[PDB]
């Protein structure tokens, strides 16, 4: 119960262990579950102890936004190694969620992962895979 979280099953974005974001909020979604939002440039959320097993090279995030932005995936801290960058084009509405993917450098073992935001976006969940 509450064991190590797999990188290969959805990680809920609201399930962060630490963050920088004075106005960042968790809120309920109409279709069930929750998202993080009220995000601004330089905000971040950190997810401890994610088990990448013997490696992942892709990330997918379920996101909503009205203006193009990016989400950096970093190792350990907001200033740690940049694993990859998710390019989030508009989904037309902060309430319309779509899946966007990106390549990451091969990440293996149990790792702390940080999402670093460049601008407004709502995030439901994210997950990793081997390309």
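Positions refer to the first chain, counted from 1.
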Exercise. Return the residue from 41, 79, 46, 34 that has the highest Cα B-factor in the entry.
Key: 79
Exercise. Determine, from the deposited record, the chain-internal third of the Cα B-factor for residue 108: lowest, middle or highest.
Key: middle
Exercise. Comparing against every modelled residue in the chain, figure out the third that the C-alpha B-factor of residue 97 lands in (lowest, middle or highest).
Key: lowest
Exercise. Relative to the other modelled residues of the same chain, rank the CA B-factor of residue 65 and answer lowest, middle or highest third.
Key: lowest
Quiz item: Going by what the PDB entry lists, where does residue 73 fall on CA B-factor within its chain: lowest, middle or highest third?
Solution: lowest
Practice problem: Comparing against every modelled residue in the chain, figure out the third that the C-alpha B-factor of residue 87 lands in (lowest, middle or highest). | Solution: highest
